[PDB]
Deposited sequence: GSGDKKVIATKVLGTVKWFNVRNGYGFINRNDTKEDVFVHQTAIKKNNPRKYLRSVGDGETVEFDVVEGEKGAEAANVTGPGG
């Protein structure tokens, strides 16, 4: 829950709506960050992102490492 970085831009690698998670590659470090559907803010699939989309997000310390939070479009 501790915030590591804010207003990070990245590219969605993939997001699977069946399993409800995916990964975003950070543009600043080129590292993948885990993203769960509950971390995406509301837009059927009210909380989802599309493969290849640019998004903005915070990076927080989750249970099993770094994960995205507050995922929006850029701006």
| Regions of the deposited sequence not represented in the model | 1 to 4, 48 to 50, 83
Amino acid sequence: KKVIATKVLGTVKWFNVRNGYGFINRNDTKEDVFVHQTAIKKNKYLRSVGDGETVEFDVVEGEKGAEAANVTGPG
From here on, numbers count along this sequence of modelled residues.
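For the two forms, the rigid core is made up of the largest set of C-alpha atoms that agree within 1.5 Å on superposition.
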| field | Between 14 to 22 and 60 to 68, larger RMS Cα displacement in 6 other deposited structures of this protein after core fit | value | 60 to 68
| Check: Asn43 without coordinates in a third or more of other entries | yes
| query | Is the mean CA B factor in the deposited entry higher across 55 to 63 or across 6 to 14? | reply | 55 to 63
| field | Relative C-alpha B-factor of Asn27, binned into the chain's lowest, middle or highest third | value | lowest
| In terms of the chain's CA B-factor thirds, is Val33 lowest, middle or highest? | middle
| note | Among the modelled residues of its chain, the C-alpha B-factor of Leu46 falls in the third labelled highest
